[PDB]
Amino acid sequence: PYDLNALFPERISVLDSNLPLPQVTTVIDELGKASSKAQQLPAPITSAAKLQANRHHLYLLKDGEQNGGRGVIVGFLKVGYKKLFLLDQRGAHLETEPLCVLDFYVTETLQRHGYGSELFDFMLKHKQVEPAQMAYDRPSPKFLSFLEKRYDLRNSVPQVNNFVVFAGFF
């Protein structure tokens, strides 16, 4: 119906909770399903409806050249604040409300071409945050390698919930 380059003129677009709407819905839903399948999750953790219902922020990377220059969304990164009880390196149990990575996916055939990096760098600047100051919801092996090799985040501080944080968090 619309070319994506017309809906999203920027290479990386930011959506809050405000999502023409049916086309935007389809794009986000398909990407969310792809991410959850990649992670062997029982259901999508990212969808258009969930975006509308939550206070999350979704970054979408568009390859403007694809589909005869009409554009295709090739990856997304979803972040949001979560209230968390966390343990520091000495075992002090601290209440915190960090910005968290909640979902993150680049189309499998397009991985390892820097798209994840572009999304993550854009978000850090946009949110005015450094990677060590964030929490990570159940990060996968691929994402942990990404964080170690590109952002020097290694040897996380063990938590009892499913969130991961690194030394510089504290």
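Just count from 1 along the sequence shown to find any residue number.
Deposited sequence between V24 and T25: no residues lack coordinates (chain continuous). Averaged over Cα atoms, the B-factor as recorded in the entry is higher for 61-69 than for the other of 111-119 and 61-69. In this crystal structure, the stretch out of 100-108 and 28-36 whose C-alpha atoms carry the higher mean B factor is 28-36. Within the group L153, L19, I12, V157, the record's highest C-alpha temperature factor is found at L19. Ranked by Cα temperature factor within the chain, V79 sits in the lowest third according to the deposited record. Among all modelled residues in this chain, the alpha-carbon of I45 has a temperature factor (C-alpha) in the middle third.
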